[PDB]
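Accompanying notes for the structure given below.
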Amino acid sequence: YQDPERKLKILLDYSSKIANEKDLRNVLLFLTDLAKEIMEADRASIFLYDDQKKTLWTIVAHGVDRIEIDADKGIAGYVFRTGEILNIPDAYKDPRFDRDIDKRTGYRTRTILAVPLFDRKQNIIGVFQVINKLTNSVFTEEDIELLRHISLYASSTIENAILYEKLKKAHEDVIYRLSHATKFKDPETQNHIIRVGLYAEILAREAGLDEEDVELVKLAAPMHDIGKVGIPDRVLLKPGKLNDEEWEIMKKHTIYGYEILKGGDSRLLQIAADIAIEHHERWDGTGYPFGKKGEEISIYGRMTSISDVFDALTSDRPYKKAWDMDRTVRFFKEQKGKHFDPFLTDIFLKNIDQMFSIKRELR
Amino acid sequence: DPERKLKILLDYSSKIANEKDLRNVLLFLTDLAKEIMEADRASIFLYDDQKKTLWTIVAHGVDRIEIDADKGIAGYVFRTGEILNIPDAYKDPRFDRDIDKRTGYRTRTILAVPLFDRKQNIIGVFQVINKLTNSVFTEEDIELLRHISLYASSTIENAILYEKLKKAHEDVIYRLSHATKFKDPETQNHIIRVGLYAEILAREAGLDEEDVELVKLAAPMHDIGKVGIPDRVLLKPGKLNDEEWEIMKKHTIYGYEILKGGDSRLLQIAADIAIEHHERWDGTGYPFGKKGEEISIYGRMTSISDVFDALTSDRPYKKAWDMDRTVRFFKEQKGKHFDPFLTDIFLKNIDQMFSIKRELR
Ligand SMILES: Nc1nc2c(ncn2[C@@H]2O[C@H](COP(=O)(O)O)[C@@H](O)[C@H]2O)c(=O)[nH]1
Ligand SMILES: [Fe+3]
Ligand SMILES: [Fe+3]
Ligand SMILES: [Fe+3]
Ligand SMILES: [Fe+3]
Ligand SMILES: [Fe+3]
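Note that the protein sequences, when read in sequence, are chains B and A.
Using the authors' numbering, the letters of the first sequence map in sequence onto residues -2 to 360.
Using the authors' numbering, the letters of the second sequence map in sequence onto residues 0 to 360.
Encoded structure:
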């Protein structure tokens, strides 16, 4: 006997998968599989629109690239421009049908149902198409109803994924640019601020931290030096080396960064605050500003020291050319258990190649 | 025609996928469950680390109701992780009948299942009540509710993740915008409020809701260029001479330099506000003397909001101007300092502004 709720449960499960998926490619793929099953069709395709190339595009297989599709030709084309549903009972009796892809692969297209996708503001953003109904000779009025509902769901989840990406990009952008507000009074570069987070990301990942904390350090670490905004010009702008009154002030950029960042409730800012205050502490206890020792420094602080020192050593600075990989590895082996967390130093050494390809790609 | 429930589900999950507010997501889920389980009532309970209780929200959008995580039906499901299927609540000792007592309701059947997160911890309870057959929840019902519960967990976790991102995004812009706190007196709240005013101004000016959200977040960053102004000027104890004032005025350019090129819309707008917020509608402002609509709307809305906050704050010898005095000032400055059209919107709404200044002092 059949389960009367069988398709309902299938749909619930697909909905859970989609709700969890941040990658648009996979969202599309899942929506396609969902349509094949619920519509009882052999094939399905979603076509979206590109502003820039003025085309529709789709994913063919799992894990391969966009196929360009003419936004004005074919069944997809008609539906995209007109906004109206097409239900073709025999594809070969229809002049809008491209017989080619069908004839290169040994496939036979009989039935096609295509409806548009709409955004919140009722504009046409693409097409949803199913091909070859399996359990009937044609797509029915009921099939059309169902596909329209599927289409509404597809539009929403598609939009929600785009928006979530835009918000994520904006969040990074803001952290990056504001962290570099020191640019008028301090030599450290925009890409240094970014790379420090990228190295610490690798480190947290390979140390087995939760996916969320991997994302956190990537974004918290870039802010480690923001307290420099509160250092007097006479100390920050001093050419060369520094006296032991001025040094006592320069050290305070840790405290100042903490002061700027502590007034959050988000986990991001609690971590960023910790990093700002901890990033010159040494595994030793011989760092500043408090000479904290070992696990007394949070893992995020420990991961940032390693990253920050790594980036410095590998750039040109006053009097000193960037160190190469070999010398860098020698230095870290030496400083393992001193300046740095010994555990975290091993992870970092295991992954030294990515550290360098980051430094190479982001100059 | 068993496709009725498929279509109901796709409608609900369309609404959910759009829904940014956790409150609403829970309401949509319980309505979904009511229709799909063919039941009269449903509730979701979530746990709180801090207060150590479960909670639930009722429709109408009232406050969250706190529930004892130890006693009760939901309590039981939360502690044990076991499913509970009660054919008659008025026979089960774990049932508290007071809810019926206040509402004029009669609870008969209760089916309650755990909610699990990605990591597989019990994060809540999904409870469905009074199946419309007036008979028990069946083994097939339990099975259906299980799939509903998985969808609910996913959507909840996904909504919480978005709120945390949203909240972090604000925190970061607010705090780093106040990075000037060591060398300049403008407060954290001033920085927040200016955005809050401009949000209302933008909405009432008819702007798109996404753009309204951008100004709320972009305007607070307009003075960030102050961090590049030399101490010998920003920290000078006298009043500034002409040479020094010209340097101070560059905080506009400096903010632009800090913010521009960032590819997102947020930062493009923020950069404009940074560089335009001292421009004056009539062209007598700085740094460029831009005139009318040569100033982006966002620039124009921030000037209005910034002046508003200044006029309405106490300083020594200088008491905050009240409503009437402030209205008069904006009337005088219409078409000079400020955009006439936007000033009218602002005036129409000035009571909302004063409420903000009252709540976030
Ligand atoms: N041992 C050593 N450390 C360096 C050198 N250049 C930069 N650093 C490190 O870089 C840290 C801060 O990084 P930066 O401020 O240059 O990004 C300093 O605490 C310091 O330990 C160097 O030539 N030798
Ligand atoms: Fe530092
Ligand atoms: Fe540094
Ligand atoms: Fe200002
Ligand atoms: Fe200003
Ligand atoms: Fe201000």
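Even for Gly, the Cβ is constructed at its ideal location relative to N, Cα and C.
Annotation for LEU45(A): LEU53, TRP54, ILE122, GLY123 place their beta carbon closer than 7 Å to its own, counting only its chain and skipping 5 residues before and after. Boundaries around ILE109(A) are those of the beta strand (DSSP E), 109 to 115, since no alpha helix (DSSP H) includes it. Residue-level contact check: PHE181(B) touches chain A, since one or more beta carbons of chain A fall below 7 Å from its beta carbon. Close CB contacts of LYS333(A) within its chain, under the 7 Å cut and outside five residues either way in sequence, are with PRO339, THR342 (chain order).
If you draw a 10 Å sphere on the C-beta of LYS215(B), you find 16 or more other C-beta atoms in it, and that means buried. Setting aside the 5 residues that flank it on each side, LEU21(A) is surrounded in the same chain by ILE155, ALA158, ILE159, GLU162, each with a C-beta closer than 8 Å to its C-beta; the list follows chain order.
For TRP244(B), the uninterrupted alpha helix (DSSP H) segment begins and ends at 243 to 247. The alpha-carbon of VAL193(B) is positioned some 23 Å away from that of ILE223(A). Comparing alpha carbon positions, the residue from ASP350(A), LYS356(A), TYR297(A), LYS347(A) closest to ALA319(A) is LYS356(A). Relative to the non-hydrogen atoms of ligand 4, the Cβ of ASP222(A) comes within a distance shorter than 6 Å of at least one.
Here the alpha carbons of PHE345(B) and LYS335(B) stand approximately 15 Å from one another. Cα atoms of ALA217(B) and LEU265(B): separation of roughly 6 Å, rounded to the nearest angstrom. Note: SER42(B) is bridge-paired with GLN126(B) in the DSSP secondary-structure output.
The residue from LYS347(A), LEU25(A), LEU195(A) with its alpha-carbon nearest to that of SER153(A) is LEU25(A). In this structure, the alpha-carbon of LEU9(B) lies about 29 Å from that of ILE85(B).
DSSP places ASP47(A) in the strand class (E or B) of the three-state scheme. Within the stretch 244 to 255 of chain A, the residues whose Cβ lies closer than 7 Å to some Cβ of chain B are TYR253, listed in chain order. Proximity of the beta carbon of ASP313(A) to ligand 6 is not indicated: no heavy atom of the ligand is located closer than 6 Å. Pairing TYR150(B) with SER354(A) gives a Cβ-Cβ distance that is not under 7 Å. Here the distance from the Cβ of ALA309(B) to the nearest heavy atom of ligand 1 is below 6 Å. In this structure, the beta-carbon distance from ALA32(A) to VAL127(A) falls below 7 Å.
Secondary structure at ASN133(A): coil, using DSSP grouped into helix, strand and coil. In chain order, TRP54 place their CB closer than 7 Å to the CB of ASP47(B), counting only its own chain and leaving out the 5 sequence neighbours on each side. Rounded to the nearest whole angstrom, the CA to CA distance from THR106(A) to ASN129(A) is 6 Å. The C-beta of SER304(A) has 16 or more other C-beta atoms within 10 Å across all chains shown, which makes the residue buried. Scanning its chain for C-beta atoms nearer than 8 Å, with the 5 sequence neighbours on each side dropped, one finds around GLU203(B) the residues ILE344, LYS347, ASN348, in chain order.
Taking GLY80(B) as the centre and dropping the five residues before and after it, the same chain places the C-beta of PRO113, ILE121 closer than 6 Å to its C-beta, in chain order.
Pairing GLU138(A) with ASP271(B), the inter-Cα distance amounts to about 51 Å.
When secondary structure is reduced to three states using DSSP, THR154(A) falls in the helix class. Within a 10 Å sphere around the beta-carbon of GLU65(B) sit fewer than 16 other beta-carbons, which makes this residue exposed. Listed along the chain, the chain B residues whose CB falls inside 8 Å of the CB of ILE147(A) are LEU9. For the C-beta of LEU265(A), the chain B residues within less than 8 Å are, from N- to C-terminus, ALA167, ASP170, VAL171. When the Cα atoms are used, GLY260(A) and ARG324(A) turn out to be separated by approximately 41 Å. The beta carbons of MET300(B) and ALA197(B) sit closer together than 7 Å. For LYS289(B), the secondary structure class from DSSP, reduced to helix, strand or coil, is coil.
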